[PDB]
Protein chains: 2
Amino acid sequence: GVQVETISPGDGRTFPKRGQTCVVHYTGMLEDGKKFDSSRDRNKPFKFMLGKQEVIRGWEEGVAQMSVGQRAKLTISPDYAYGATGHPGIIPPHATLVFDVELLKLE
Amino acid sequence: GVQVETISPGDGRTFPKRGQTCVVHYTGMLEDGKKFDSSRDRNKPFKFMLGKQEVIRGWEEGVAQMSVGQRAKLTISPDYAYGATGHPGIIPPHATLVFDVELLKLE
Ligand SMILES: C=CC[C@@H]1/C=C(\C)C[C@H](C)C[C@H](OC)[C@H]2O[C@@](O)(C(=O)C(=O)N3CCCC[C@H]3C(=O)O[C@H](/C(C)=C/[C@@H]3CC[C@@H](O)[C@H](OC)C3)[C@H](C)[C@@H](O)CC1=O)[C@H](C)C[C@@H]2OC
Ligand SMILES: C=CC[C@@H]1/C=C(\C)C[C@H](C)C[C@H](OC)[C@H]2O[C@@](O)(C(=O)C(=O)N3CCCC[C@H]3C(=O)O[C@H](/C(C)=C/[C@@H]3CC[C@@H](O)[C@H](OC)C3)[C@H](C)[C@@H](O)CC1=O)[C@H](C)C[C@@H]2OC
C-alpha cells in the first residue's frame, strides 16, 4: 500500500478531490535514498489529476491524504508502483519507492 | 506469478535465451475473455527481447518456458502485470491478464 509520513504540515483542511488538478514538487528515491528523478531539478512542478489512471496507485492514494502546503514522504510498495517489472532502465523489479512530495496547490 | 497452459505444443527443444529476439502473435484478454488487444488484428507479429525490461514480468517469465511453435495461454497475476494501477483507459486496477501467445520464431 502506501505510508504517508509528514515532513511539514499542510493546512489541515484542503484535501484533493477527484477531478481537481494537483500541483506538486517531488523527488523519487529508492529505499536507500538514491535519487532517480525530481521535478525540483527541472524547476517545474508536476501536475496531475486524481481518478484518471494518470499516476501509480501509491500516489493516487497517498496524495489524497495530504492537505495543501503539506510536505510528506510517501513509501510505496511495489504493487502500488512498478511491481515485479520495474520501470525500464530506472527502477528494478520489486522495488519499494520513496517520494518526497510537496502539495503546492489545487486547481 | 505466471501460469502457462499449452494449447499447441512447440518443438520441445528451442527455448528463448536472454538476448534473443522473440517473434510472437498474441491476444490479450481479461479473465472473462474480453479482448483488449491483439497483434493478430494488426497482421503484424510483435517482437521483443528477453532481459531488457521490454515487457511485463509475467511475459518475461512465461515466454521463457515456451519452445518455438508453441501456442499457450499465459495467466498473469497483477503484480506481474499492471498491479494496483492498471494501464490507463484499458486495464483496471488489480487485473489478472490472459494472453494467448504463439512463439513463431527466435532471431
Ligand atoms: C505519455 C507518456 C509520458 C508521461 C510523462 C510525463 C507526464 C512526465 C512525468 C514527469 C514523468 C516522469 O518523466 C520525467 C517520470 O517519472 C518517474 O521518474 C517518477 O518519478 C514516477 O514514478 N512518477 C512521476 C511522478 C508521479 C508518480 C510517478 C507516476 O505515476 O508516473 C506516471 C507513470 C510512469 C505511470 C505509469 C503509467 C502506465 C501504468 O501502466 C503504470 O502502472 C504501473 C504507471 C507518469 C506521470 C505517466 O502517467 C505519464 C507519462 O509517462 C517515472 C519512474 C518515469 C516517468 O517518465 C515516464
Ligand atoms: C515506447 C512506448 C510504446 C511501446 C509500444 C509498443 C512497442 C507497441 C506494443 C505492441 C504495445 C501495445 O501497443 C498496441 C500495447 O500492449 C498492450 O495492449 C498489451 O497487450 C500488453 O500488455 N503487452 C503487449 C505485448 C507484450 C506484453 C505487454 C507488455 O509488456 O507491453 C509493454 C508495456 C506496456 C510495458 C510496461 C512498460 C513500463 C513498465 O513500467 C510497466 O511495468 C508495469 C510495463 C510494451 C510492449 C512496452 O514495452 C513498449 C511500449 O509501451 C498494453 C496493455 C498497452 C501497450 O501499448 C503501450
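Basis for what follows: all heavy atoms, side chains included, without hydrogens, waters or symmetry-related copies. Chain letters run A, B, ... following the sequence lines, proteins first, then strands; residues in each count from 1.
- The minimum heavy-atom distance linking B/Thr96 with B/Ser77 is given by the pair OG1-CA, 4.2 Å.
- Formation of a donor-acceptor pair under 3.5 Å by the B/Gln53 side chain with backbone atoms of A/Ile91 is found in this model.
- Defined by atom type and a distance below 3.5 Å, a donor-acceptor pair is present between the side-chain atoms of B/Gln70 and B/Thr6.
- Residues A/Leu30 and A/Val98 have side chains not in contact (no heavy-atom distance under 4.5 Å, counting atoms from C-beta outward).
- Of all the heavy atoms in A/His25 and A/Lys44, the pair that sits closest is CE1-C, 3.6 Å.
- Under the 3.5 Å distance criterion, the side-chain polar atoms of B/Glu102 are left unmatched by any main-chain donor or acceptor of B/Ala72.
- To the nearest 0.5 angstrom, B/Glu61 atom CD is 10.5 Å from B/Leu50 atom CG.
- Atom CG of residue A/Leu74 and atom CD of residue A/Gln65 lie 8.5 Å apart, to the nearest 0.5 angstrom.
- Looking at B/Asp100 and B/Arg40, a side-chain N of the basic residue comes within less than 4.0 Å of a carboxylate O on the acidic one, giving a salt bridge.
- With contacts defined as side-chain heavy-atom distances shorter than 4.5 Å, the pair A/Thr75/A/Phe99 does not qualify.
- A/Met49 approaches A/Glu54 most closely through the heavy-atom pair N-OE1, 2.7 Å.
- Residues A/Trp59 and A/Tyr80 place their aromatic rings such that the two centres sit no closer than 6.0 Å.
- For A/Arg42, the CZ atom sits in a packed shell: over 12 heavy atoms of surrounding residues, nucleotides or ligands are nearer than 6.0 Å.
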